[PDB]
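See below for the structure under consideration.
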Amino acid sequence: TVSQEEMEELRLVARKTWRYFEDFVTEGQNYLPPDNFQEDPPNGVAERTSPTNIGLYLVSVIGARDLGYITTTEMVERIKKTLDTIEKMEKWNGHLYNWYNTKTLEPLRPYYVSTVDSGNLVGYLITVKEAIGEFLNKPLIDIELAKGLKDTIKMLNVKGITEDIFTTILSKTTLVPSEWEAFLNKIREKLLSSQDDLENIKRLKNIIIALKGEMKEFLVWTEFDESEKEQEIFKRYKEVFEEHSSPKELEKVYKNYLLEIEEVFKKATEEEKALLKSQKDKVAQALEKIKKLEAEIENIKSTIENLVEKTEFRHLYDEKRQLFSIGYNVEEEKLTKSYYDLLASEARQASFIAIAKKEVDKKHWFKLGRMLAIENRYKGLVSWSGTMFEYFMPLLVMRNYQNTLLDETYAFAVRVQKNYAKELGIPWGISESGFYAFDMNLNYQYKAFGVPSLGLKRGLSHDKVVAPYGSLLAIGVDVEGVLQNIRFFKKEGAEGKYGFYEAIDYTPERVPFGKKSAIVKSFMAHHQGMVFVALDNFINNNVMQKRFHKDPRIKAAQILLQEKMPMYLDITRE
């Protein structure tokens, strides 16, 4: 069990991690996240993005709202725009390409379609589809938007603006808009006075501008002048405006106030009619906006659903090997030689969604290579690399059922990975990450760092590159362990503006002499996403998972994860 103090830290890290997207997903990047931002070598923000990057941002957006880092409106918006962009991008049989340029929105040079990239993205979309609906009956003013600002405040740090400020508001199971209006303005005021870094101040203003923004627009019952507040009609509806702040709970309250305005408009003074008329006219638009919000949502859900059923996975499957190829090389109009011949592989998310879409046989799932490695007692599927990501990238959306083959394995991985790492005295979670070497232009290189045990086919080496993203991608399992790693990462200085730096390179060959560890002063959008989502997942009981499985086609197949690990196994040969 996690202490409130503990959680608060995890939440802050989530906030810092979300910031990546806040900051680098620009109009200019066509509302896509760019692969990475490099700090120390300050080459800045790389203007390329992968299907996966994009998907993880979209599900992160949802995740943002979950923690209270954006508003219901803000949410829908970013998704709308990002999707508008997606609906543009040069596709292949309804697939996104390997890479696009964030500005040219052009397929990048080695015109390629990655199976995994598509597979992941599709999943992340399906997740968003089943999720976004929820927010039509989830309050525009809910407590989480305050729990959220708390994290925002801790992060931004601007004088008088301190954590304790909250206390009261957060002490209540519910947030009552009046208290909120007050609290938001109180904070607006101590900001006008506090003379910290104008820049830092600005952000908190705009993040308080955003919060009142939703409220003024959608809860216009705050913007009725003292004479309008008198109209008896208002004094019946006062406690029902406070008791209901969801877009549908408002849609209903707002009509029933607009039909009652109409009724009592005949039995009213010309003074009472002018005041009743002002209130009709405001609450009218306020409804028209809710109708639009509801619509923009369905358009999203529909647009997503489409883009998914448009994605022809058929094309990346060698029917004859009953197996998924790495991806399609568009330049030789040929499918790639090698394949995802293993269950323990990010490919599963691809492999699963295919069967769930009924694009390949339910059998495919069982043709994927299942290899156990019995280490000490614990047994578990080996992967092609040993990267935590190979095992846990699915677990963002793909569920885990207890005692299942996967389950045994998901634990197995954490153990071996933590042993390997304690036996090297580095924090655990060695996975595909950047490391302290650079191309001619001084950009951190990025390579597959497994543990060679879980690494069916591995060059061993010292390659001691611990990436935090991999550690956190398993919060689910050894929360205790991951927490330790996080402290250990802070002490080794991996803490930064946008959460945890890409990786720490302990590798002898590459560490600068008279130093141990070369922190890869980088933030990679895809990894940032995984961390963010994985945190949300941990905090709100595998939410994103339960949303992905809210999809019927997914629920159709959900039994495949409930595969149990066999009790007997032959050993002979021929």
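If you're wondering about the labels, chains in the structure tokens are A, B, ... by order shown, residues count from 1 in each chain, ligands from 1 in order shown.
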Can you list, as a VMD selection string, all residues belonging to segment 454-501 of chain A that DSSP tags as helix (DSSP H, G or I)?
-> chain A and resid 468 to 472 479 to 491
Excluding same-chain residues fewer than 6 positions from segment 343-346 of chain A, what lies within 8 Å of it counting only C-alpha atoms, as a list in words?
-> residues 116, 120, 365, 368, 369, 370, 381, 382, 383, 384, 389, 390, 391, 392, 393 and 394 of chain A
Please produce a file of the residues just selected, as a short mmCIF file (atom, residue, chain, number, x, y, z; two decimals), in the first residue's frame, where the atoms kept are N, CA, C and O atoms.
```
data_model
loop_
_atom_site.label_atom_id
_atom_site.label_comp_id
_atom_site.auth_asym_id
_atom_site.auth_seq_id
_atom_site.Cartn_x
_atom_site.Cartn_y
_atom_site.Cartn_z
N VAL A 116 3.99 -2.91 -35.35
CA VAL A 116 3.94 -2.50 -33.92
C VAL A 116 3.36 -1.08 -33.86
O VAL A 116 2.33 -0.91 -33.18
N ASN A 120 0.00 -0.59 -31.92
CA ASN A 120 -0.06 0.26 -30.70
C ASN A 120 -1.08 1.36 -30.92
O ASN A 120 -2.05 1.43 -30.15
N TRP A 365 -2.98 -16.11 -32.38
CA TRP A 365 -2.57 -15.77 -31.00
C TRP A 365 -1.70 -16.89 -30.45
O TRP A 365 -0.75 -16.58 -29.72
N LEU A 368 1.98 -17.58 -32.11
CA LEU A 368 3.10 -16.72 -31.57
C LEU A 368 3.97 -17.56 -30.63
O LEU A 368 3.42 -18.26 -29.78
N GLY A 369 5.29 -17.54 -30.81
CA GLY A 369 6.25 -18.32 -30.01
C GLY A 369 6.10 -18.06 -28.52
O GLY A 369 6.19 -16.87 -28.08
N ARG A 370 5.86 -19.13 -27.76
CA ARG A 370 5.83 -19.10 -26.27
C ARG A 370 7.01 -19.94 -25.81
O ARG A 370 7.07 -21.13 -26.14
N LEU A 381 7.92 -16.31 -19.97
CA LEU A 381 8.15 -16.14 -21.42
C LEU A 381 9.43 -15.32 -21.60
O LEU A 381 9.62 -14.34 -20.87
N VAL A 382 10.29 -15.76 -22.50
CA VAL A 382 11.44 -14.94 -22.97
C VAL A 382 10.96 -14.16 -24.17
O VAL A 382 10.06 -14.66 -24.89
N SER A 383 11.60 -13.01 -24.35
CA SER A 383 11.38 -12.04 -25.44
C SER A 383 12.64 -12.00 -26.30
O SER A 383 13.68 -12.53 -25.85
N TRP A 384 12.55 -11.34 -27.46
CA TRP A 384 13.69 -11.23 -28.42
C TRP A 384 14.79 -10.28 -27.93
O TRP A 384 15.82 -10.25 -28.63
N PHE A 389 9.95 -2.83 -21.83
CA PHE A 389 8.93 -2.37 -22.81
C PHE A 389 8.32 -3.58 -23.55
O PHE A 389 7.07 -3.62 -23.61
N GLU A 390 9.12 -4.53 -24.05
CA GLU A 390 8.66 -5.76 -24.79
C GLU A 390 7.53 -6.47 -24.03
O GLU A 390 6.61 -7.05 -24.69
N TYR A 391 7.64 -6.47 -22.70
CA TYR A 391 6.72 -7.13 -21.75
C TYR A 391 5.58 -6.18 -21.38
O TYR A 391 4.53 -6.72 -21.15
N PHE A 392 5.78 -4.87 -21.16
CA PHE A 392 4.83 -4.01 -20.40
C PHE A 392 4.14 -2.95 -21.26
O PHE A 392 3.10 -2.41 -20.80
N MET A 393 4.65 -2.64 -22.46
CA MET A 393 4.03 -1.62 -23.36
C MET A 393 2.58 -1.97 -23.65
O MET A 393 1.70 -1.10 -23.66
N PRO A 394 2.28 -3.26 -23.95
CA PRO A 394 0.90 -3.71 -24.00
C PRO A 394 0.08 -3.32 -22.76
O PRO A 394 -0.95 -2.75 -22.96
#
```
Dump as CSV the rows for residues of segment 508-533 of chain A within 10 Å of segment 471-485 of chain A: closest atom pair and distance in Å with one decimal, only C-alpha atoms counted, ordered by chain and rising residue number.
```
residue,atom,partner,partner_atom,distance
A:527,CA,A:473,CA,9.3
A:530,CA,A:473,CA,6.5
A:531,CA,A:472,CA,6.0
A:532,CA,A:472,CA,9.1
A:533,CA,A:473,CA,8.7
```
Export N, CA and C atoms of the chosen residues as a PDB file, in the first residue's frame?
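What landed in part-v3.pdb:
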```
ATOM      1  N   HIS A 527       8.260   7.470 -24.682  1.00  0.00           N
ATOM      2  CA  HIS A 527       8.581   7.019 -23.304  1.00  0.00           C
ATOM      3  C   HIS A 527       7.806   7.884 -22.305  1.00  0.00           C
ATOM      4  N   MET A 530       4.237   6.594 -22.099  1.00  0.00           N
ATOM      5  CA  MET A 530       4.234   5.316 -21.331  1.00  0.00           C
ATOM      6  C   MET A 530       4.230   5.631 -19.839  1.00  0.00           C
ATOM      7  N   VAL A 531       5.202   6.414 -19.379  1.00  0.00           N
ATOM      8  CA  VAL A 531       5.332   6.819 -17.949  1.00  0.00           C
ATOM      9  C   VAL A 531       3.996   7.411 -17.500  1.00  0.00           C
ATOM     10  N   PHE A 532       3.498   8.408 -18.236  1.00  0.00           N
ATOM     11  CA  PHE A 532       2.299   9.197 -17.867  1.00  0.00           C
ATOM     12  C   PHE A 532       1.122   8.241 -17.702  1.00  0.00           C
ATOM     13  N   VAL A 533       0.827   7.515 -18.781  1.00  0.00           N
ATOM     14  CA  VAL A 533      -0.292   6.537 -18.865  1.00  0.00           C
ATOM     15  C   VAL A 533      -0.123   5.547 -17.706  1.00  0.00           C
TER      16      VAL A 533
END
```
Write out as a list in words each polymer residue whose atoms come within 10 Å of residue 63 of chain A, counting only C-alpha atoms; drop sequence neighbours fewer than 4 positions from it.
->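 Once the adjacent positions are removed, what remains is residues 14, 18, 56, 57, 58, 59, 67, 68, 69, 70, 75, 128, 131, 529, 532, 533, 534, 535, 536, 537, 540, 543 and 544 of chain A.
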How about saving the chosen residues, N, CA and C atoms kept, as a CSV table (one decimal), in the first residue's frame?
```csv
chain,number,residue,atom,x,y,z
A,14,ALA,N,3.9,12.6,-12.7
A,14,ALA,CA,2.8,12.5,-13.7
A,14,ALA,C,2.7,13.9,-14.3
A,18,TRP,N,3.5,15.0,-18.0
A,18,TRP,CA,2.4,15.5,-18.9
A,18,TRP,C,3.0,16.8,-19.5
A,56,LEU,N,0.1,7.6,-28.1
A,56,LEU,CA,0.4,7.8,-26.7
A,56,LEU,C,0.0,9.2,-26.2
A,57,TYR,N,0.2,10.2,-27.1
A,57,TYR,CA,-0.3,11.6,-26.7
A,57,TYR,C,-1.8,11.6,-26.6
A,58,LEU,N,-2.5,11.1,-27.5
A,58,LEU,CA,-4.0,11.1,-27.5
A,58,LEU,C,-4.5,10.4,-26.2
A,59,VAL,N,-4.1,9.2,-25.9
A,59,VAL,CA,-4.5,8.5,-24.7
A,59,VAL,C,-3.9,9.3,-23.4
A,67,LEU,N,-6.5,12.9,-14.3
A,67,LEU,CA,-5.7,13.4,-13.1
A,67,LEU,C,-6.2,14.8,-12.7
A,68,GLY,N,-6.8,15.5,-13.7
A,68,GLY,CA,-7.3,16.8,-13.5
A,68,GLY,C,-6.5,17.9,-14.1
A,69,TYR,N,-5.6,17.6,-15.0
A,69,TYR,CA,-4.5,18.4,-15.6
A,69,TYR,C,-5.1,19.3,-16.8
A,70,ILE,N,-6.2,18.8,-17.4
A,70,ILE,CA,-7.0,19.6,-18.3
A,70,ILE,C,-8.4,19.5,-17.9
A,75,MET,N,-9.7,19.0,-23.2
A,75,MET,CA,-9.5,17.6,-23.6
A,75,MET,C,-10.0,17.4,-25.1
A,128,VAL,N,-9.2,5.7,-26.4
A,128,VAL,CA,-9.7,7.1,-26.4
A,128,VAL,C,-11.2,7.1,-26.8
A,131,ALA,N,-13.3,5.9,-24.0
A,131,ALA,CA,-13.1,6.8,-22.8
A,131,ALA,C,-13.9,8.1,-23.0
A,529,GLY,N,5.0,9.4,-22.6
A,529,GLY,CA,3.6,8.9,-22.7
A,529,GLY,C,3.5,7.6,-21.8
A,532,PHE,N,3.5,8.4,-18.2
A,532,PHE,CA,2.3,9.2,-17.9
A,532,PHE,C,1.1,8.2,-17.7
A,533,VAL,N,0.8,7.5,-18.8
A,533,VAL,CA,-0.3,6.5,-18.9
A,533,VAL,C,-0.1,5.5,-17.7
A,534,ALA,N,1.0,4.9,-17.7
A,534,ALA,CA,1.3,3.8,-16.6
A,534,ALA,C,1.0,4.4,-15.2
A,535,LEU,N,1.4,5.6,-15.0
A,535,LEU,CA,1.1,6.3,-13.7
A,535,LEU,C,-0.4,6.4,-13.5
A,536,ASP,N,-1.1,7.1,-14.4
A,536,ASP,CA,-2.6,7.1,-14.4
A,536,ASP,C,-3.1,5.7,-14.1
A,537,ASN,N,-2.8,4.7,-15.0
A,537,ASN,CA,-3.2,3.3,-14.8
A,537,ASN,C,-3.0,2.9,-13.3
A,540,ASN,N,-5.5,5.2,-11.0
A,540,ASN,CA,-7.0,5.0,-11.2
A,540,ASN,C,-7.3,3.6,-11.6
A,543,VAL,N,-7.4,2.0,-15.3
A,543,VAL,CA,-8.5,2.7,-16.0
A,543,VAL,C,-8.4,2.4,-17.5
A,544,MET,N,-7.3,2.9,-18.2
A,544,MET,CA,-7.1,2.9,-19.6
A,544,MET,C,-7.3,1.4,-20.1
```
Can you pull out every residue within 10 Å of residue 139 of chain A, counting only C-alpha atoms, but drop anything in the same chain fewer than 6 positions away, and send it as a ChimeraX atom specification?
-> /A:71-72,145,175,244-250
Do you have the atom CA of residue 218 of chain A-atom CA of residue 299 of chain A distance handy?
->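 Computing the Euclidean distance for atom CA of residue 218 of chain A and atom CA of residue 299 of chain A yields 20.2 Å.
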Give me the residues within 12 Å of residue 52 of chain A as number ranges by chain, counting only C-alpha atoms and dropping any in the same chain fewer than 4 places off.
-> A: 32-35, 48, 56-60, 95-100, 113-125, 346, 349-350, 393-394, 524-530
Per residue of segment 103-163 of chain A within 9 Å of segment 26-29 of chain A, which atom pair is closest and at what distance in Å (one decimal), using only C-alpha atoms, listed by chain and increasing number, as a tab-separated table?
```
residue	atom	partner	partner_atom	distance
A:103	CA	A:29	CA	5.2
A:104	CA	A:29	CA	8.9
A:105	CA	A:29	CA	8.6
```
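Omitting residue 262 of chain A and its sequence neighbours fewer than 5 positions away, and counting only C-alpha atoms, the residues within 10 Å are residues 257, 276, 277 and 280 of chain A.
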Residue 237 of chain A surroundings by only C-alpha atoms, 12 Å radius, close-in-sequence under 5 positions cut, as a PyMOL selection string | chain A and resi 221+229-232+242-244+250+253-258+260-261
Residue subset to file, keeping N, CA, C and O atoms, as a PDB file, in the first residue's frame:
```pdb
ATOM      1  N   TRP A 221     -24.559  30.457 -14.807  1.00  0.00           N
ATOM      2  CA  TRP A 221     -25.303  30.829 -13.581  1.00  0.00           C
ATOM      3  C   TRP A 221     -24.374  31.571 -12.607  1.00  0.00           C
ATOM      4  O   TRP A 221     -24.878  32.055 -11.602  1.00  0.00           O
ATOM      5  N   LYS A 229     -30.263  37.538 -10.251  1.00  0.00           N
ATOM      6  CA  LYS A 229     -30.212  36.504  -9.175  1.00  0.00           C
ATOM      7  C   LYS A 229     -31.494  36.539  -8.331  1.00  0.00           C
ATOM      8  O   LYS A 229     -31.822  35.512  -7.708  1.00  0.00           O
ATOM      9  N   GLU A 230     -32.184  37.686  -8.302  1.00  0.00           N
ATOM     10  CA  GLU A 230     -33.438  37.891  -7.530  1.00  0.00           C
ATOM     11  C   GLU A 230     -34.589  37.109  -8.184  1.00  0.00           C
ATOM     12  O   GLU A 230     -35.319  36.442  -7.428  1.00  0.00           O
ATOM     13  N   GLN A 231     -34.753  37.197  -9.509  1.00  0.00           N
ATOM     14  CA  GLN A 231     -35.870  36.553 -10.267  1.00  0.00           C
ATOM     15  C   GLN A 231     -36.187  35.200  -9.623  1.00  0.00           C
ATOM     16  O   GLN A 231     -35.304  34.328  -9.635  1.00  0.00           O
ATOM     17  N   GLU A 232     -37.393  35.047  -9.068  1.00  0.00           N
ATOM     18  CA  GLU A 232     -37.785  33.881  -8.225  1.00  0.00           C
ATOM     19  C   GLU A 232     -37.360  32.584  -8.926  1.00  0.00           C
ATOM     20  O   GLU A 232     -36.843  31.684  -8.241  1.00  0.00           O
ATOM     21  N   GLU A 242     -25.935  23.960  -8.550  1.00  0.00           N
ATOM     22  CA  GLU A 242     -24.787  23.503  -7.721  1.00  0.00           C
ATOM     23  C   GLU A 242     -24.731  21.974  -7.673  1.00  0.00           C
ATOM     24  O   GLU A 242     -23.613  21.446  -7.654  1.00  0.00           O
ATOM     25  N   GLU A 243     -25.876  21.291  -7.683  1.00  0.00           N
ATOM     26  CA  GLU A 243     -25.961  19.819  -7.507  1.00  0.00           C
ATOM     27  C   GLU A 243     -25.676  19.099  -8.835  1.00  0.00           C
ATOM     28  O   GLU A 243     -25.691  17.869  -8.803  1.00  0.00           O
ATOM     29  N   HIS A 244     -25.402  19.816  -9.934  1.00  0.00           N
ATOM     30  CA  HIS A 244     -25.265  19.226 -11.291  1.00  0.00           C
ATOM     31  C   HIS A 244     -24.375  20.086 -12.187  1.00  0.00           C
ATOM     32  O   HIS A 244     -24.805  21.217 -12.505  1.00  0.00           O
ATOM     33  N   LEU A 250     -26.334  19.207 -17.101  1.00  0.00           N
ATOM     34  CA  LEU A 250     -26.559  20.640 -17.435  1.00  0.00           C
ATOM     35  C   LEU A 250     -27.553  20.736 -18.580  1.00  0.00           C
ATOM     36  O   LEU A 250     -28.551  21.450 -18.401  1.00  0.00           O
ATOM     37  N   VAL A 253     -30.868  20.300 -17.011  1.00  0.00           N
ATOM     38  CA  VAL A 253     -31.225  21.432 -16.095  1.00  0.00           C
ATOM     39  C   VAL A 253     -31.502  22.684 -16.931  1.00  0.00           C
ATOM     40  O   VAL A 253     -32.461  23.415 -16.584  1.00  0.00           O
ATOM     41  N   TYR A 254     -30.707  22.922 -17.978  1.00  0.00           N
ATOM     42  CA  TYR A 254     -30.726  24.183 -18.768  1.00  0.00           C
ATOM     43  C   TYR A 254     -32.023  24.278 -19.581  1.00  0.00           C
ATOM     44  O   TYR A 254     -32.607  25.372 -19.575  1.00  0.00           O
ATOM     45  N   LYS A 255     -32.485  23.198 -20.220  1.00  0.00           N
ATOM     46  CA  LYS A 255     -33.775  23.169 -20.955  1.00  0.00           C
ATOM     47  C   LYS A 255     -34.921  23.468 -19.980  1.00  0.00           C
ATOM     48  O   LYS A 255     -35.790  24.291 -20.303  1.00  0.00           O
ATOM     49  N   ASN A 256     -34.942  22.757 -18.845  1.00  0.00           N
ATOM     50  CA  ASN A 256     -36.034  22.802 -17.830  1.00  0.00           C
ATOM     51  C   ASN A 256     -36.126  24.192 -17.189  1.00  0.00           C
ATOM     52  O   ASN A 256     -37.220  24.524 -16.689  1.00  0.00           O
ATOM     53  N   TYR A 257     -35.039  24.966 -17.239  1.00  0.00           N
ATOM     54  CA  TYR A 257     -34.979  26.396 -16.833  1.00  0.00           C
ATOM     55  C   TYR A 257     -35.452  27.280 -18.000  1.00  0.00           C
ATOM     56  O   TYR A 257     -36.009  28.355 -17.738  1.00  0.00           O
ATOM     57  N   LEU A 258     -35.223  26.849 -19.242  1.00  0.00           N
ATOM     58  CA  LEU A 258     -35.562  27.620 -20.469  1.00  0.00           C
ATOM     59  C   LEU A 258     -37.039  27.447 -20.814  1.00  0.00           C
ATOM     60  O   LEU A 258     -37.598  28.368 -21.432  1.00  0.00           O
ATOM     61  N   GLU A 260     -39.286  26.925 -18.266  1.00  0.00           N
ATOM     62  CA  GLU A 260     -39.876  27.626 -17.094  1.00  0.00           C
ATOM     63  C   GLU A 260     -39.759  29.147 -17.297  1.00  0.00           C
ATOM     64  O   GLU A 260     -40.672  29.865 -16.828  1.00  0.00           O
ATOM     65  N   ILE A 261     -38.699  29.625 -17.972  1.00  0.00           N
ATOM     66  CA  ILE A 261     -38.528  31.070 -18.319  1.00  0.00           C
ATOM     67  C   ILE A 261     -39.745  31.438 -19.169  1.00  0.00           C
ATOM     68  O   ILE A 261     -40.424  32.416 -18.843  1.00  0.00           O
TER      69      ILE A 261
END
```
Rounded to one decimal place, report the atom CA of residue 141 of chain A-atom CA of residue 226 of chain A distance in Å.
-> 22.9 Å
Near segment 421-431 of chain A, 10 Å: segment 370-413 of chain A residue rows, closest pairs, only C-alpha atoms, as a tab-separated table:
```
residue	atom	partner	partner_atom	distance
A:385	CA	A:431	CA	8.6
A:386	CA	A:431	CA	7.2
A:387	CA	A:431	CA	4.0
A:388	CA	A:431	CA	5.4
A:389	CA	A:431	CA	6.4
A:390	CA	A:431	CA	8.5
A:413	CA	A:429	CA	9.5
```
